[PDB]
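Remarks on the structure that follows.
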Amino acid sequence: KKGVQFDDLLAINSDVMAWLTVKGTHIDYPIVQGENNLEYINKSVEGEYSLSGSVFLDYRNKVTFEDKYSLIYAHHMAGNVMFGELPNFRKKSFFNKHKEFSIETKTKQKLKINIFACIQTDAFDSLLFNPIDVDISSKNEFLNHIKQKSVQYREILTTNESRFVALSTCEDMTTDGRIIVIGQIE
Ligand SMILES: [Cl-]
Ligand SMILES: [Cl-]
Ligand SMILES: [Zn+2]
Ligand SMILES: [Zn+2]
Ligand SMILES: [Zn+2]
Ligand SMILES: [Zn+2]
Ligand SMILES: [Zn+2]
Ligand SMILES: [Zn+2]
Ligand SMILES: [Zn+2]
Ligand SMILES: [Zn+2]
């Protein structure tokens with residue numbers, strides 16, 4: 001719970017930079033950003049060694065969620081431990097029922113994200129694991145790339161100023177499989 005832990009985590013590890021909540025799941029966690037994307041494989045939010053590691057914002061993103069595309073990722077262990085419910089978004093009824101997640105930043109800014117796709121892709125997706133590549137792609141290539149890999153999708157109003165947030169980890173039942181749940185910042 002955020003009220004007991006967030007400030008203290010923030011005080012303990014300057015890598016701590018947001019809190020993530022996804023209604024309909026037990027995803028309700030502090031988020032770190034590392035200096036690279038391997039740092040939190042075997043490191044906890046408190047900054048110590050860990051067998052499961054942590055969920056992390058891509059090192060190339062702005063902590064303020066100002067970028068076009070903010071990628072929140074978990075490696076294999078942390079994904080199984082913390083993001084085990086993401087594949088529920090593959091289910092029609094689940095996807096139609098749970099439509100948002102929210103983030104609170106370290107300056108206590110509150111963001112609401114509107115979910116529009118659940119994606120099945122793999123570790124070698126040419127677009128979605130690089131926020132820089134996304135930033136320099138057109139909105140239409142981004143949305144069509146996503147569309148063709150989506151198991152669930154919904155059309156929502158977008159502008160060219162729209163920002164996106166993706167949550168992702170592995171899906172160990174398919175080859176090099178990755179799941180992505182993506183939304184648009186309210
Ligand atoms: Cl990857
Ligand atoms: Cl874009
Ligand atoms: Zn940093
Ligand atoms: Zn539910
Ligand atoms: Zn660090
Ligand atoms: Zn990994
Ligand atoms: Zn895995
Ligand atoms: Zn607060
Ligand atoms: Zn593509
Ligand atoms: Zn709205």
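Any read-out appearing in this document is the output of simple, stated calculations on the displayed coordinates, not a laboratory observation. Cβ atoms come from the backbone with ideal geometry, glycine included; neighbour counts cover every protein chain shown.
Filter segment 94-118 for residues that are part of a strand (DSSP E or B) and either of a type in the set (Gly, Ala, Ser) or without any contact (Cβ under 8 Å) to a residue 40 or more places away in the chain (or both); which is nearest to ligand 6 (Cβ to nearest atom)? Give the derivation first.
Going through segment 94-118, the residues part of a strand (DSSP E or B) turn out to be 100-105, 110-118.
If we keep only those that are either of a type in the set (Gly, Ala, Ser) or without any contact (Cβ under 8 Å) to a residue 40 or more places away in the chain (or both) too, we end up with 102, 110, 117.
Working: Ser102: 26, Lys110: 30, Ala117: 23 Å.
It comes out as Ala117.
Any idea which of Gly183, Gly177 is within 16 Å of ligand 7 (Cβ to nearest atom), closer than 23 Å to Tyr29 by Cβ and of a type in the set (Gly, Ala, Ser)? Give the steps one after another, and end with the answer.
Values: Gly183 fails: within 16 Å of ligand 7 (Cβ to nearest atom).
Exactly one residue qualifies, and that residue is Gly177.
Could you please give the count of residues in segment 57-73 that are hydroxyl-bearing (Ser, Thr, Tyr), more than 13 Å from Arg163 (Cα to Cα) and outside any strand (DSSP E or B)?
Residues of segment 57-73 that are hydroxyl-bearing (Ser, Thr, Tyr), as a first pass: 59, 64, 69-70, 73.
With the extra rule that they be more than 13 Å from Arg163 (Cα to Cα), the set shrinks to 59, 73.
Imposing the further condition that a residue be outside any strand (DSSP E or B) reduces the set to 59.
Residues that pass the stated criteria total 1.
For segment 65-102, which residues satisfy the criterion of being farther than 16 Å from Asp135 by Cα and among the β-branched types (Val, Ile, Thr)? Talk me through it step by step, then tell me what you get.
Within segment 65-102, the first condition is being farther than 16 Å from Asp135 by Cα, and the residues that meet it are 73-102.
Within segment 65-102, just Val81 meets the criteria.
Which of (1) in contact with a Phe, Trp or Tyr (Cβ under 6 Å, 6 or more places away or on another chain); (2) crowded, with 17+ Cβ neighbours inside 10 Å; (3) of a type outside the set (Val, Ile, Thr); (4) outside any strand (DSSP E or B) does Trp19 not meet, given it meets every other one?
Unmet condition: (4).
Does at least one position in segment 103-116 carry a residue that is more than 27 Å from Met173 (Cα to Cα), surrounded by fewer than 21 Cβ atoms within 10 Å (Cβ to Cβ) and within 16 Å of ligand 5 (Cβ to nearest atom)?
Yes.
Can you tell me which residue is nearest to ligand 5 (Cβ to nearest atom) among those in segment 25-54 that are touching a strand residue (DSSP E or B) at 6+ places or on another chain (Cβ under 9 Å) and touching a residue at least 40 places away in the same chain (Cβ under 8 Å)?
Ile31
Do we find that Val32 is of a type in the set (A, V, I, L, M), touching a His at 6+ places or on another chain (Cβ under 8 Å) and closer than 30 Å to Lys139 by Cα in this structure?
Numbers: of a type in the set (A, V, I, L, M): yes; touching a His at 6+ places or on another chain (Cβ under 8 Å): no; closer than 30 Å to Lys139 by Cα: yes.
Here the answer is no, as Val32 does not meet what is asked.
Residues in segment 22-48 that are within 16 Å of ligand 4 (Cβ to nearest atom) and in contact with a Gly (Cβ under 8 Å, 6 or more places away or on another chain): how many?
Total satisfying the criteria: 0.
From (1) in contact with a strand residue (DSSP E or B) (Cβ under 8 Å, 6 or more places away or on another chain); (2) within 16 Å of ligand 4 (Cβ to nearest atom); (3) hydrophobic (A, V, I, L, M, F, W, C), pick out the condition that doesn't hold for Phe94.
So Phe94 meets the others, but not (1).
May I ask you to list the residues in segment 53-77 that are closer than 20 Å to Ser14 by Cα and more than 16 Å from ligand 3 (Cβ to nearest atom)?
Restricting attention to segment 53-77, the residues satisfying the condition of being closer than 20 Å to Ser14 by Cα are 53-66, 70-74.
Result: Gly53, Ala74.
Tell me, which residue of segment 140-186 that is under 20 Å from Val32 (Cα atoms) and of a type in the set (S, T, N, Q) is surrounded by the most Cβ atoms within 10 Å (Cβ to Cβ)?
Ranking the qualifying residues of segment 140-186, first place goes to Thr169.
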